[PDB]
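J.: Input structure: query.txt, which contains compact mmCIF, C-alpha atoms and all ligand atoms.
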# COMPACT_ATOMS: atom_id res chain seq x y z
CA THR A 2 -43.69 12.23 10.99
CA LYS A 3 -42.57 11.64 14.55
CA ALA A 4 -39.23 11.93 16.38
CA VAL A 5 -37.82 8.91 18.19
CA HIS A 6 -36.31 9.35 21.70
CA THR A 7 -34.74 6.66 23.88
CA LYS A 8 -32.44 6.84 26.91
CA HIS A 9 -30.75 3.67 25.65
CA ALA A 10 -28.80 5.55 22.98
CA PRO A 11 -26.80 8.75 23.35
CA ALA A 12 -29.11 11.76 23.65
CA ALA A 13 -29.59 13.83 20.51
CA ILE A 14 -28.02 17.08 21.72
CA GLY A 15 -28.56 19.81 19.21
CA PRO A 16 -30.68 20.27 16.07
CA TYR A 17 -31.40 16.61 15.28
CA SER A 18 -33.33 13.57 16.51
CA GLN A 19 -32.00 10.06 17.15
CA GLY A 20 -34.39 9.00 14.40
CA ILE A 21 -37.63 9.87 12.61
CA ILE A 22 -40.64 7.77 11.68
CA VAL A 23 -42.48 8.83 8.49
CA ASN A 24 -45.25 6.90 6.71
CA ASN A 25 -44.30 3.29 7.66
CA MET A 26 -40.50 3.82 7.62
CA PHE A 27 -37.85 4.75 10.17
CA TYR A 28 -34.68 6.76 9.45
CA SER A 29 -31.94 6.73 12.08
CA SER A 30 -29.33 9.42 12.47
CA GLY A 31 -25.78 8.18 11.88
CA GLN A 32 -24.73 6.36 15.07
CA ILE A 33 -21.19 6.63 16.43
CA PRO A 34 -19.39 4.79 19.29
CA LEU A 35 -20.81 6.90 22.15
CA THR A 36 -22.28 5.33 25.27
CA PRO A 37 -25.80 6.38 26.33
CA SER A 38 -24.17 8.72 28.87
CA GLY A 39 -22.27 10.48 26.08
CA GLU A 40 -18.73 9.13 26.43
CA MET A 41 -16.67 7.74 23.55
CA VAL A 42 -15.93 4.04 23.86
CA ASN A 43 -12.12 3.67 23.96
CA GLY A 44 -11.64 0.03 22.99
CA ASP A 45 -10.62 -1.31 19.59
CA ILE A 46 -12.56 -1.00 16.32
CA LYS A 47 -14.66 -4.06 17.26
CA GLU A 48 -15.59 -2.59 20.61
CA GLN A 49 -16.42 0.71 18.89
CA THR A 50 -18.57 -1.11 16.31
CA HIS A 51 -20.40 -2.99 19.07
CA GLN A 52 -21.41 0.31 20.75
CA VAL A 53 -22.66 1.58 17.39
CA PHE A 54 -24.85 -1.48 17.09
CA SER A 55 -26.12 -1.16 20.68
CA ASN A 56 -27.09 2.39 19.79
CA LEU A 57 -28.82 1.30 16.57
CA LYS A 58 -30.66 -1.46 18.42
CA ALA A 59 -32.05 1.07 20.91
CA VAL A 60 -33.31 3.61 18.38
CA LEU A 61 -34.72 0.89 16.06
CA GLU A 62 -36.73 -0.69 18.86
CA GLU A 63 -38.04 2.61 20.23
CA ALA A 64 -39.35 3.23 16.69
CA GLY A 65 -41.09 -0.14 16.42
CA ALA A 66 -38.48 -1.54 14.02
CA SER A 67 -35.64 -4.06 14.42
CA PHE A 68 -32.46 -5.24 12.72
CA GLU A 69 -34.75 -7.74 10.98
CA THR A 70 -36.64 -4.91 9.25
CA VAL A 71 -33.64 -2.83 8.18
CA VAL A 72 -33.65 -2.27 4.40
CA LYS A 73 -30.54 -0.14 3.85
CA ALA A 74 -27.44 0.83 5.83
CA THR A 75 -24.59 3.17 4.99
CA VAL A 76 -21.30 2.56 6.78
CA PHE A 77 -18.70 5.34 6.94
CA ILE A 78 -15.32 4.16 8.28
CA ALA A 79 -12.16 6.05 9.11
CA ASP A 80 -9.92 3.34 7.62
CA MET A 81 -10.82 0.80 4.94
CA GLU A 82 -8.05 -1.44 6.33
CA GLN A 83 -10.44 -2.12 9.25
CA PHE A 84 -13.22 -3.29 6.89
CA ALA A 85 -12.90 -6.96 7.84
CA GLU A 86 -13.08 -6.22 11.57
CA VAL A 87 -16.13 -3.97 11.32
CA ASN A 88 -17.74 -6.55 9.02
CA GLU A 89 -17.29 -9.31 11.64
CA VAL A 90 -19.37 -7.34 14.13
CA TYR A 91 -21.81 -6.19 11.43
CA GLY A 92 -22.44 -9.80 10.42
CA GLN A 93 -23.54 -10.84 13.90
CA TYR A 94 -26.56 -8.54 13.57
CA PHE A 95 -27.43 -8.88 9.87
CA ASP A 96 -26.66 -12.59 9.42
CA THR A 97 -29.84 -13.98 7.87
CA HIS A 98 -31.73 -10.75 7.17
CA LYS A 99 -29.32 -8.86 4.92
CA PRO A 100 -29.96 -5.19 4.14
CA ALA A 101 -28.68 -3.35 1.06
CA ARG A 102 -25.44 -1.57 2.04
CA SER A 103 -22.83 1.00 0.99
CA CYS A 104 -19.41 1.40 2.66
CA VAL A 105 -16.87 4.15 2.12
CA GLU A 106 -13.78 5.43 3.89
CA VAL A 107 -14.14 9.08 4.86
CA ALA A 108 -11.45 11.56 5.89
CA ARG A 109 -12.92 12.18 9.34
CA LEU A 110 -16.04 11.50 11.47
CA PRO A 111 -17.70 13.45 14.31
CA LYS A 112 -15.71 13.10 17.56
CA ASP A 113 -13.06 11.37 15.45
CA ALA A 114 -15.07 8.15 15.61
CA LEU A 115 -13.64 5.18 13.72
CA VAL A 116 -17.06 4.18 12.37
CA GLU A 117 -20.52 5.75 11.89
CA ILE A 118 -23.54 3.78 10.68
CA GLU A 119 -27.02 4.92 9.58
CA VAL A 120 -30.03 2.72 8.75
CA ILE A 121 -33.48 2.90 7.17
CA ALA A 122 -36.00 0.28 8.38
CA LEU A 123 -39.61 -0.83 7.90
CA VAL A 124 -42.04 -0.20 10.81
CA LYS A 125 -44.47 -3.13 10.74
CA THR B 2 -39.86 -6.93 1.58
CA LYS B 3 -37.58 -9.03 -0.57
CA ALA B 4 -33.84 -9.41 -1.07
CA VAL B 5 -32.82 -9.04 -4.72
CA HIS B 6 -30.46 -11.66 -6.19
CA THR B 7 -28.96 -11.61 -9.69
CA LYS B 8 -26.10 -13.55 -11.30
CA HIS B 9 -25.58 -10.57 -13.65
CA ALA B 10 -23.83 -8.49 -11.02
CA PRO B 11 -21.07 -9.45 -8.54
CA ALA B 12 -22.40 -11.74 -5.81
CA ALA B 13 -23.10 -10.19 -2.41
CA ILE B 14 -20.69 -12.15 -0.20
CA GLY B 15 -21.34 -11.54 3.45
CA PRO B 16 -24.07 -9.82 5.49
CA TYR B 17 -25.70 -7.71 2.77
CA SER B 18 -27.89 -8.12 -0.33
CA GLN B 19 -27.30 -6.71 -3.82
CA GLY B 20 -30.54 -4.79 -3.21
CA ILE B 21 -33.79 -4.79 -1.21
CA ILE B 22 -37.38 -4.15 -2.24
CA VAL B 23 -39.63 -2.56 0.43
CA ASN B 24 -43.13 -1.20 -0.23
CA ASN B 25 -42.87 -0.05 -3.88
CA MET B 26 -39.23 1.04 -3.62
CA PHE B 27 -35.90 -0.58 -4.47
CA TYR B 28 -32.63 0.20 -2.64
CA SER B 29 -29.39 -1.03 -4.19
CA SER B 30 -26.15 -1.64 -2.37
CA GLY B 31 -23.33 0.57 -3.65
CA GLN B 32 -21.97 -1.00 -6.82
CA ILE B 33 -18.23 -1.07 -7.55
CA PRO B 34 -16.39 -1.92 -10.84
CA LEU B 35 -16.31 -5.70 -10.28
CA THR B 36 -17.44 -8.13 -12.99
CA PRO B 37 -20.10 -10.73 -12.14
CA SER B 38 -17.27 -13.26 -11.71
CA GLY B 39 -15.75 -11.10 -8.97
CA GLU B 40 -12.78 -9.51 -10.75
CA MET B 41 -12.09 -5.79 -10.69
CA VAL B 42 -12.63 -4.44 -14.18
CA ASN B 43 -9.44 -3.81 -16.14
CA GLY B 44 -9.19 -0.27 -17.47
CA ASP B 45 -9.51 3.48 -16.86
CA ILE B 46 -12.16 5.47 -15.02
CA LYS B 47 -14.67 5.29 -17.89
CA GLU B 48 -14.38 1.52 -18.16
CA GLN B 49 -14.79 1.20 -14.39
CA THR B 50 -17.84 3.47 -14.49
CA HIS B 51 -19.37 1.42 -17.28
CA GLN B 52 -18.99 -1.77 -15.23
CA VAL B 53 -20.67 -0.09 -12.27
CA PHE B 54 -23.58 0.78 -14.55
CA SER B 55 -23.79 -2.77 -15.94
CA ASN B 56 -24.03 -3.91 -12.30
CA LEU B 57 -26.75 -1.38 -11.47
CA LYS B 58 -28.70 -2.33 -14.61
CA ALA B 59 -28.62 -5.99 -13.50
CA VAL B 60 -29.89 -5.33 -9.96
CA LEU B 61 -32.45 -2.73 -11.11
CA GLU B 62 -33.98 -5.08 -13.68
CA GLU B 63 -34.02 -8.06 -11.35
CA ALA B 64 -35.93 -5.81 -8.90
CA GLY B 65 -38.51 -4.78 -11.49
CA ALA B 66 -37.05 -1.28 -11.82
CA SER B 67 -34.92 0.50 -14.47
CA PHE B 68 -32.70 3.52 -14.95
CA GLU B 69 -35.87 5.35 -15.94
CA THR B 70 -37.33 4.82 -12.45
CA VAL B 71 -34.25 5.76 -10.42
CA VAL B 72 -35.17 8.64 -8.07
CA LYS B 73 -31.90 9.30 -6.24
CA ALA B 74 -28.29 8.25 -6.72
CA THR B 75 -25.19 8.82 -4.63
CA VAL B 76 -21.84 8.75 -6.43
CA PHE B 77 -18.64 8.28 -4.41
CA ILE B 78 -15.43 8.86 -6.38
CA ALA B 79 -11.75 8.40 -5.54
CA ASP B 80 -10.62 11.58 -7.34
CA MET B 81 -12.74 14.70 -8.05
CA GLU B 82 -10.34 15.50 -10.90
CA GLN B 83 -11.99 12.59 -12.77
CA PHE B 84 -15.51 13.99 -12.28
CA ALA B 85 -16.04 14.96 -15.93
CA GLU B 86 -15.11 11.48 -17.10
CA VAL B 87 -17.43 9.75 -14.65
CA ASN B 88 -20.19 12.23 -15.48
CA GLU B 89 -19.88 11.62 -19.22
CA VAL B 90 -20.56 7.89 -18.72
CA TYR B 91 -23.21 8.55 -16.05
CA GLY B 92 -25.03 10.79 -18.56
CA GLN B 93 -25.29 8.02 -21.14
CA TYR B 94 -27.61 6.08 -18.83
CA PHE B 95 -29.59 9.04 -17.45
CA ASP B 96 -29.96 10.59 -20.88
CA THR B 97 -33.36 12.28 -20.50
CA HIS B 98 -34.47 10.93 -17.09
CA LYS B 99 -32.45 12.75 -14.44
CA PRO B 100 -32.47 11.46 -10.82
CA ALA B 101 -31.63 13.57 -7.78
CA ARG B 102 -27.93 13.05 -7.00
CA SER B 103 -25.07 13.82 -4.67
CA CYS B 104 -21.51 13.26 -5.75
CA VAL B 105 -18.46 13.49 -3.50
CA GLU B 106 -14.80 12.47 -3.34
CA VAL B 107 -14.14 10.01 -0.53
CA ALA B 108 -10.83 8.96 1.01
CA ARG B 109 -10.94 5.38 -0.30
CA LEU B 110 -13.37 2.76 -1.61
CA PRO B 111 -13.63 -1.02 -1.22
CA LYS B 112 -10.99 -2.85 -3.27
CA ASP B 113 -9.53 0.56 -4.08
CA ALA B 114 -12.28 1.15 -6.62
CA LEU B 115 -12.23 4.53 -8.37
CA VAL B 116 -16.00 4.89 -8.24
CA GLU B 117 -18.99 3.45 -6.33
CA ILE B 118 -22.64 4.26 -7.02
CA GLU B 119 -25.86 3.42 -5.12
CA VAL B 120 -29.42 4.08 -6.30
CA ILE B 121 -32.99 4.19 -4.98
CA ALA B 122 -35.71 3.50 -7.55
CA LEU B 123 -39.46 3.05 -7.97
CA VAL B 124 -40.70 -0.48 -8.66
CA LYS B 125 -43.33 -0.18 -11.40
CA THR C 2 -42.98 10.71 -10.10
CA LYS C 3 -41.53 14.01 -11.28
CA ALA C 4 -38.53 16.28 -11.35
CA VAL C 5 -38.50 19.50 -9.35
CA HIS C 6 -37.22 22.73 -10.86
CA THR C 7 -36.94 26.24 -9.48
CA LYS C 8 -35.10 29.34 -10.69
CA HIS C 9 -34.48 30.14 -7.01
CA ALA C 10 -31.80 27.46 -6.63
CA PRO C 11 -28.69 26.93 -8.82
CA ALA C 12 -29.61 25.31 -12.13
CA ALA C 13 -28.84 21.60 -12.34
CA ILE C 14 -26.26 21.42 -15.11
CA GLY C 15 -25.54 17.83 -16.00
CA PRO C 16 -27.39 14.53 -15.80
CA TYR C 17 -29.37 15.30 -12.62
CA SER C 18 -32.41 17.22 -11.35
CA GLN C 19 -32.53 19.65 -8.41
CA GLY C 20 -34.89 17.09 -6.83
CA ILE C 21 -37.37 14.26 -7.49
CA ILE C 22 -40.76 13.55 -5.97
CA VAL C 23 -41.77 9.86 -5.67
CA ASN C 24 -44.98 8.84 -3.85
CA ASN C 25 -45.22 11.56 -1.15
CA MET C 26 -41.49 11.95 -0.66
CA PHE C 27 -39.09 14.56 -1.99
CA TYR C 28 -35.39 13.74 -2.57
CA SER C 29 -33.11 16.72 -3.13
CA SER C 30 -29.78 16.62 -4.89
CA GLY C 31 -26.91 17.65 -2.64
CA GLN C 32 -26.80 21.45 -2.44
CA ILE C 33 -23.52 23.39 -2.32
CA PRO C 34 -22.93 27.13 -1.59
CA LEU C 35 -23.74 28.39 -5.10
CA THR C 36 -26.05 31.36 -5.59
CA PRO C 37 -28.96 30.92 -8.00
CA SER C 38 -26.81 32.59 -10.68
CA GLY C 39 -24.29 29.77 -10.46
CA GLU C 40 -21.32 31.16 -8.55
CA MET C 41 -19.87 30.36 -5.13
CA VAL C 42 -21.00 32.85 -2.51
CA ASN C 43 -17.64 34.12 -1.20
CA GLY C 44 -17.47 34.43 2.56
CA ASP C 45 -16.72 32.11 5.47
CA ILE C 46 -18.28 28.81 6.50
CA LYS C 47 -21.30 30.68 7.97
CA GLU C 48 -22.17 32.40 4.69
CA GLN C 49 -21.62 29.20 2.75
CA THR C 50 -23.92 27.28 5.10
CA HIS C 51 -26.66 29.92 4.84
CA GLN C 52 -26.51 29.75 1.02
CA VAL C 53 -26.82 25.97 1.12
CA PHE C 54 -29.99 26.43 3.20
CA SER C 55 -31.37 29.10 0.85
CA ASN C 56 -30.95 26.56 -1.92
CA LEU C 57 -32.63 23.79 0.09
CA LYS C 58 -35.52 26.10 0.99
CA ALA C 59 -36.09 26.85 -2.70
CA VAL C 60 -36.15 23.22 -3.82
CA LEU C 61 -38.20 22.13 -0.80
CA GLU C 62 -40.88 24.75 -1.46
CA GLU C 63 -41.05 24.03 -5.19
CA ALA C 64 -41.67 20.37 -4.27
CA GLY C 65 -44.46 21.20 -1.83
CA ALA C 66 -42.35 20.37 1.25
CA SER C 67 -40.59 22.57 3.84
CA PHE C 68 -37.88 22.47 6.47
CA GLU C 69 -40.67 21.35 8.78
CA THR C 70 -41.26 18.14 6.78
CA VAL C 71 -37.60 17.14 6.30
CA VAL C 72 -37.10 13.63 7.67
CA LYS C 73 -33.40 13.01 7.10
CA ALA C 74 -30.44 15.14 6.09
CA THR C 75 -26.87 14.13 5.25
CA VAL C 76 -24.23 16.77 5.86
CA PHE C 77 -20.81 16.63 4.14
CA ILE C 78 -18.21 19.10 5.43
CA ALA C 79 -14.75 19.83 4.08
CA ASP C 80 -13.35 20.27 7.61
CA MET C 81 -14.71 18.53 10.71
CA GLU C 82 -13.10 21.33 12.74
CA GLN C 83 -15.91 23.53 11.40
CA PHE C 84 -18.62 21.27 12.84
CA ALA C 85 -19.54 23.75 15.59
CA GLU C 86 -19.92 26.70 13.20
CA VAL C 87 -22.01 24.76 10.70
CA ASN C 88 -24.10 23.27 13.47
CA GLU C 89 -24.86 26.76 14.83
CA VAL C 90 -26.31 27.83 11.47
CA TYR C 91 -27.98 24.47 10.86
CA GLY C 92 -29.88 24.84 14.15
CA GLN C 93 -31.52 28.09 13.02
CA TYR C 94 -33.32 26.24 10.22
CA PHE C 95 -34.12 23.03 12.10
CA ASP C 96 -35.28 24.76 15.23
CA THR C 97 -38.49 23.16 16.47
CA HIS C 98 -38.36 20.42 13.83
CA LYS C 99 -35.26 18.20 14.16
CA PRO C 100 -34.72 15.64 11.35
CA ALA C 101 -32.53 12.53 11.54
CA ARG C 102 -28.97 13.43 10.45
CA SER C 103 -25.58 12.01 9.44
CA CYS C 104 -22.40 14.08 9.11
CA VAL C 105 -19.02 13.21 7.67
CA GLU C 106 -15.88 14.94 6.39
CA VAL C 107 -15.21 13.64 2.86
CA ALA C 108 -11.97 14.17 0.94
CA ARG C 109 -13.39 16.83 -1.39
CA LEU C 110 -16.69 18.42 -2.50
CA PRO C 111 -17.71 19.94 -5.88
CA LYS C 112 -15.99 23.31 -6.44
CA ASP C 113 -14.06 22.78 -3.19
CA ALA C 114 -17.19 23.75 -1.31
CA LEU C 115 -16.87 23.82 2.46
CA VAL C 116 -20.26 22.19 3.06
CA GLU C 117 -22.88 20.24 1.09
CA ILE C 118 -26.28 19.06 2.35
CA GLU C 119 -28.94 16.75 0.89
CA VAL C 120 -32.41 16.20 2.34
CA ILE C 121 -35.38 13.84 2.09
CA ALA C 122 -38.74 15.42 3.00
CA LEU C 123 -42.42 14.64 3.14
CA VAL C 124 -44.76 16.26 0.62
CA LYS C 125 -47.93 17.08 2.53
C1 LIG D 1 -19.39 -3.38 7.26
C2 LIG D 1 -18.05 -3.40 6.68
HG1 LIG D 1 -17.75 -1.68 5.52
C1 LIG D 2 -24.41 20.10 11.15
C2 LIG D 2 -23.14 19.79 11.81
HG1 LIG D 2 -22.22 18.15 10.85
HG HG D 3 -18.20 13.98 -7.49
What is this structure when it is put down as structure tokens?
T.:
Amino acid sequence: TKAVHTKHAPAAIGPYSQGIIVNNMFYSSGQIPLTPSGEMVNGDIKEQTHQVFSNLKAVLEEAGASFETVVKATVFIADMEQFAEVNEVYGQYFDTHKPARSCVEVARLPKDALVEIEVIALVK
Amino acid sequence: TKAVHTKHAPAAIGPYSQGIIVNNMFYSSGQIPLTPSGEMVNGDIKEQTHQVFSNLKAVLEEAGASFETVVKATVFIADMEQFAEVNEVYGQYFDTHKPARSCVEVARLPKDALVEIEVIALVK
Amino acid sequence: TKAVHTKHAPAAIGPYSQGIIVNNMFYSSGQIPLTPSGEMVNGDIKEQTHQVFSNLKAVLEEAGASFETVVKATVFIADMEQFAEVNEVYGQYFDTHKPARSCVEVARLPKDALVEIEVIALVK
């Protein structure tokens, strides 16, 4: 296995890696709405979801994967009432290639993020 | 890789698939107590859990897998006080074959479901 | 494919196994702060986190894996305010090897545990 590191996603500060490649698969850590420089995006839920996807895009590509090779995503949201809004952004990235997915509302997320998304993808 | 599609489980409406096959593994989306026609199952926690299992059975079989090949499941429930009830139904399907599992109470689930379950299984 | 069992981790009572090996990958069930004898270690978040890791170490080793081959972990904590404390202990185990990770505060964990962790690891 190998750790994935890219300056285009917030730095993994602490005991974890942005993602890991093992065999021919890639596992990302759960991405939250932080900018690469480590600041929380303070726009609405859509703006927060966009940063999450920019972060996912960066780690996926550094690992030799892409949204087109994602097989499973788990979405943790702070409020299920915002499902539709997060889904609108989500659908711009997984429009034709559609991964398996699970979505649940949690009590709280790191840095009180409104959304956190993790993915597993094939490395071709 | 292949998206799994079955008319014997609620349709995946939107940017996700009922399940995905990659390498020799199958990943399902989290299944909720909806009938194939899209209606939330009428009834208590056991009836809801049974519908979730009917949905998993449908996607597993379409993927060339079965409850006997499930390796890991994640169970999200609306109320931990109903754990025994969910477990009793869960046990009917994993009678002698026992997957790895994590079970937790979340704040809320899609469509206010009382239970949601996702599985990962080997494709024989 | 096969179930993993070790007397050095709490017995799996119910329809699940402590872990499952499929291909060259090990999937653990979520581990909570129970001692091998089945009772909650009493003590603060630090002691609870250490017990969860003792349990993970036992199932990992029985499966032929180790903390050094863990590729992804999912951490569930009862109180996000305890993130720093749990992270301090977590870092002692994933020191030179840093897996991908996701962390969320759910509504409730089995036995009102303060922390629960599941892992996926490579079997060398
Ligand atoms: C991607 C909507 Hg839970
Ligand atoms: C290991 C801190 Hg969520
Ligand atoms: Hg549970």
J.: What residues have any atom no more than 12 Å from ligand LIG 2 (chain D) when counting all atoms listed in the file, and can you list them as a PyMOL selection string?
T.: (chain A and resi 14-17+30-31+109-112) or (chain C and resi 46-47+50-51+53-54+74-95+99-107+115-119)
J.: Closest to ligand HG 3 (chain D) among C:44, C:108, C:2, C:52, using all atoms listed in the file?
T.: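 Looking at the shortest contact to ligand HG 3 (chain D), the residue is C:108.
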J.: Restricting the calculation to all atoms listed in the file: of C:114, C:33, C:72, C:122, which residue gets closest to chain A?
T.: C:72
J.: Please report the interatomic distance between atom CA of residue 27 of chain C and atom CA of residue 61 of chain C in Å with one decimal.
T.: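 Separation between atom CA of residue 27 of chain C and atom CA of residue 61 of chain C: 7.7 Å.
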J.: Report, in Å with one decimal, the straight-line distance from atom CA of residue 38 of chain A to atom CA of residue 5 of chain A.
T.: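 Going from atom CA of residue 38 of chain A over to atom CA of residue 5 of chain A covers 17.3 Å.
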J.: Please extract segment 31-120 of chain C and write it out with C-alpha atoms, as a short mmCIF file (atom, residue, chain, number, x, y, z; two decimals), in the first residue's frame.
T.:
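Result file follows (result35.cif):
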data_model
loop_
_atom_site.label_atom_id
_atom_site.label_comp_id
_atom_site.auth_asym_id
_atom_site.auth_seq_id
_atom_site.Cartn_x
_atom_site.Cartn_y
_atom_site.Cartn_z
CA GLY C 31 -16.63 -2.17 14.68
CA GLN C 32 -14.82 -2.50 18.02
CA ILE C 33 -16.08 -0.81 21.19
CA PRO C 34 -14.33 -0.44 24.61
CA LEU C 35 -15.19 -3.92 25.92
CA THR C 36 -12.52 -6.07 27.54
CA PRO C 37 -12.11 -9.62 26.22
CA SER C 38 -14.32 -10.79 29.11
CA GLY C 39 -17.22 -8.76 27.77
CA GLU C 40 -17.50 -5.72 30.02
CA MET C 41 -16.93 -2.01 29.42
CA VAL C 42 -13.51 -0.92 30.64
CA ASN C 43 -14.46 1.88 33.06
CA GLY C 44 -12.30 4.96 32.79
CA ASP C 45 -12.24 8.08 30.62
CA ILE C 46 -12.12 8.50 26.85
CA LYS C 47 -8.37 7.68 26.87
CA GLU C 48 -8.84 4.28 28.51
CA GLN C 49 -11.80 3.51 26.30
CA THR C 50 -9.79 4.37 23.17
CA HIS C 51 -6.85 2.20 24.27
CA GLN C 52 -9.21 -0.77 24.82
CA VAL C 53 -10.69 -0.31 21.36
CA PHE C 54 -7.14 -0.52 19.97
CA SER C 55 -6.30 -3.59 22.06
CA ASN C 56 -9.34 -5.22 20.49
CA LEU C 57 -8.33 -4.15 16.97
CA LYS C 58 -4.78 -5.42 17.51
CA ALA C 59 -6.14 -8.83 18.53
CA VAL C 60 -8.42 -9.24 15.52
CA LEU C 61 -5.82 -7.82 13.12
CA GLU C 62 -3.15 -10.27 14.29
CA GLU C 63 -5.50 -13.27 14.21
CA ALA C 64 -6.25 -12.34 10.57
CA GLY C 65 -2.58 -12.09 9.61
CA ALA C 66 -2.66 -8.28 9.34
CA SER C 67 -1.36 -5.51 11.63
CA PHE C 68 -1.76 -1.81 12.36
CA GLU C 69 0.93 -1.39 9.71
CA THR C 70 -1.29 -2.87 6.98
CA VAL C 71 -4.52 -1.01 7.85
CA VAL C 72 -5.71 0.89 4.80
CA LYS C 73 -8.84 2.64 6.04
CA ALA C 74 -10.44 3.22 9.42
CA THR C 75 -13.81 4.73 10.31
CA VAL C 76 -14.03 6.34 13.73
CA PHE C 77 -17.39 6.94 15.45
CA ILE C 78 -17.29 9.10 18.59
CA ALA C 79 -20.06 9.89 21.04
CA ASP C 80 -18.81 13.48 21.47
CA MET C 81 -16.94 15.45 18.82
CA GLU C 82 -15.58 17.60 21.66
CA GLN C 83 -13.40 14.59 22.52
CA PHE C 84 -11.79 14.53 19.06
CA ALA C 85 -8.46 15.86 20.36
CA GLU C 86 -8.18 13.28 23.15
CA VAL C 87 -9.08 10.35 20.92
CA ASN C 88 -6.78 11.60 18.20
CA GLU C 89 -3.87 11.76 20.67
CA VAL C 90 -4.29 8.05 21.50
CA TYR C 91 -5.07 7.10 17.90
CA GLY C 92 -1.74 8.60 16.81
CA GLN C 93 0.24 6.28 19.09
CA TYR C 94 -0.97 3.27 17.11
CA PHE C 95 -0.86 4.79 13.63
CA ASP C 96 2.51 6.40 14.09
CA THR C 97 4.65 5.79 11.02
CA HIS C 98 1.79 4.14 9.12
CA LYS C 99 -1.16 6.51 8.55
CA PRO C 100 -4.30 4.93 7.03
CA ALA C 101 -7.13 6.79 5.28
CA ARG C 102 -9.75 7.83 7.88
CA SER C 103 -13.29 9.16 8.36
CA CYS C 104 -14.68 10.42 11.68
CA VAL C 105 -18.20 11.32 12.71
CA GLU C 106 -20.26 11.82 15.86
CA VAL C 107 -23.32 9.55 15.62
CA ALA C 108 -26.37 9.79 17.88
CA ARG C 109 -25.49 6.70 19.95
CA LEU C 110 -23.14 3.68 20.01
CA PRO C 111 -23.66 0.15 21.43
CA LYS C 112 -23.58 0.19 25.25
CA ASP C 113 -23.30 4.00 25.13
CA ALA C 114 -19.64 3.57 24.24
CA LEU C 115 -17.69 6.78 23.81
CA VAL C 116 -15.80 5.57 20.74
CA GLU C 117 -16.05 2.76 18.17
CA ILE C 118 -13.57 2.00 15.37
CA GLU C 119 -13.66 -0.36 12.38
CA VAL C 120 -10.73 -1.10 10.06
#
